[PDB]
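[1] Give me a model of this one.
(one chain, ligands or ions: 2)
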Amino acid sequence: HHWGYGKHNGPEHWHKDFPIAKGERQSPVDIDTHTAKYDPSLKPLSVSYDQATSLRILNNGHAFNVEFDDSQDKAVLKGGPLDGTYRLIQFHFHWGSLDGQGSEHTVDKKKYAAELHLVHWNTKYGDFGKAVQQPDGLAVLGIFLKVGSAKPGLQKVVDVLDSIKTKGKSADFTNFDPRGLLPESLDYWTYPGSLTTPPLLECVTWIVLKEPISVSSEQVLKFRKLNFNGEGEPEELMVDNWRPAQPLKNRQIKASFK
Ligand SMILES: CCc1ccc(CCOc2ccc(C[C@H]3SC(=O)NC3=O)cc2)nc1
Ligand SMILES: [Zn+2]
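    Residues are numbered from 1 along each chain as shown. Ligands and ions are numbered 1, 2, ... in the order given. Below you will find the coordinate block:
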């Protein structure tokens, strides 16, 4: 009986195994746009992905992860609210059963169809496992997906999903360029938070871009054909793998833009 996104093991149950679920800096949150305050001291984000080395795509039973070589400073996030250098380790998405839900963050209570998370770790802690034990260990870049025009840079991801349908399947996924998943603007909101899955560690500086990317209905329909289950188990579609908004508590969301 492990955690997941069902009635019996979903987000409302996670606190029993992971009491930090009821902590002071949990993610995601609702971004109240009128309340977020413009912080003119925030720097432009620096997204340096031209030397990114993708390696593999994995169905881990909760999402699919596109994994990168993080054994050197190739693909790094710097600037914005961050001190120092954060290496890209993986990206994944959260998505819904329907276009009207799927995102983890919300904007004035609006849910997007999906949300992309590019996960980076602070190189001053040496490895990812040490970084998640630190309050400034990770930086996650969150990007909303809305359904409209196709995202050309997503199609190579969509087309490999047939090969990792079930939990524990992986496939080689080299030479994928994550710059193809970014919107035009790097305007963002930022706040201190957590991992949005168990173990729910409070180690994340969240950077959520204001501008969504557009994906096609066909692209997100292919996400929804993935399975939570392993091969040879009853089929459980991988949909609604999102944690809902958590209480903001004693936090301020800052905007990089007016
Ligand atoms: C390199 C080996 C390693 C591996 C995982 C962990 C602890 C768990 O860490 C994590 C577990 C889940 C996630 C994904 C979370 S956080 C987010 O933004 N969205 C998710 O789904 C991110 C980190 N420690 C060490
Ligand atoms: Zn995530």
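
[2] Going along the chain, name the strands of the stretch 1-150 of the chain.
    Along the stretch 1-150 of the chain, the segments classed as strands by DSSP state E, counting those that start in this stretch run 30-31, 37-38, 45-48, 54-59, 64-68, 76-79, 86-95, 106-107, 114-122, 138-147.

[3] repeat for the stretch 151-258 of the chain
    170-172, 188-193, 204-209, 213-215, 254-255.

[4] Compare these and give me the one nearest ligand 1.
    Nearest to ligand 1 among the strands of the stretch 151-258 of the chain is strand 204-209; the distance by Cβ to the nearest ligand atom comes to 6.6 Å. For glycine as for every other residue, the C-beta is placed from the backbone atoms N, C-alpha and C.

[5] buried set for that closest one?
    204-209 (16 or more other Cβ atoms under 10 Å).

[6] and the angle for that strand with strand 188-193?
    Put simply, strand 204-209 runs at 160 degrees to strand 188-193, going by axes from the mean of the first three to the mean of the last three Cα atoms, to 10 degrees.

[7] Quick check: the gap between residue 169 and residue 3.
    Applying Cβ to Cβ, to the nearest Å, the value for residue 169 to residue 3 is 20 Å.

[8] near ligand 1, which residues of the stretch 101-250 of the chain?
    The stretch 101-250 of the chain has residues 117, 119, 128-129, 132, 140, 195-197, 199 near ligand 1, with proximity defined as Cβ under 6 Å from any ligand atom.

[9] Of those residues, just the buried ones, PyMOL syntax please.
    In PyMOL syntax, the buried subset of these is picked out as below (16+ other Cβ under 10 Å):
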select buried, resi 117+119+128+132+140+195+196+197
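
[10] So which of the residues of the stretch 101-250 of the chain next to ligand 1 belong to helices?
    Taking DSSP state H, the ones among these that sit in helices are 128-129.

[11] Between the residues of the stretch 101-250 of the chain next to ligand 1, which sits nearest residue 22?
    Nearest to residue 22 among those, counting by Cβ to Cβ, is residue 199 at 13.7 Å.

[12] The closest one contacts residue 18, correct?
    Yes: between residue 199 and residue 18 there is a contact under Cβ atoms under 8 Å: 5.7 Å.

[13] follow-up on the earlier one: now the strands of the stretch 1-150 of the chain as CSV including distance to residue 257?
    Output for these, formatted as CSV (distance: least, Cβ to Cβ, whole Å):
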stretch, distance to residue 257
strand 30-31, 13
strand 37-38, 7
strand 45-48, 11
strand 54-59, 30
strand 64-68, 28
strand 76-79, 15
strand 86-95, 21
strand 106-107, 14
strand 114-122, 19
strand 138-147, 15
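
[14] what's the closest of those strands to residue 228?
    strand 54-59 (8.9 Å).

[15] ok and the closest one relative to strand 64-68, angle-wise?
    Angular relation of strand 54-59 and strand 64-68 on a 0 to 180 degree scale: 160 degrees, by the same axes, to 10 degrees.

[16] what distance separates strand 54-59 from the middle of the whole chain?
    15 Å (Cα atoms, centre = their mean, to the nearest Å).

[17] same question, stretch 79-87
    17 Å.

[18] got the contact list for the closest residue to residue 117 other than its chain neighbours?
    In this structure, residue 117 finds its nearest non-sequential neighbour in residue 140, 5.2 Å apart by Cβ to Cβ, 6 or more residues apart in numbering. The neighbourhood of residue 140, defined by Cβ atoms under 8 Å, 6 or more residues apart in numbering, consists of 117-120, 204-207.

[19] Which neighbouring residues are in contact with the residue of the stretch 151-258 of the chain found nearest ligand 1, exactly?
    In the stretch 151-258 of the chain, the residue that lies nearest ligand 1 is residue 195 (3.7 Å; Cβ to the nearest ligand atom). Applying Cβ under 8 Å, 6+ apart, we find residue 195 in contact with 27, 132, 138, 201, 203-204.
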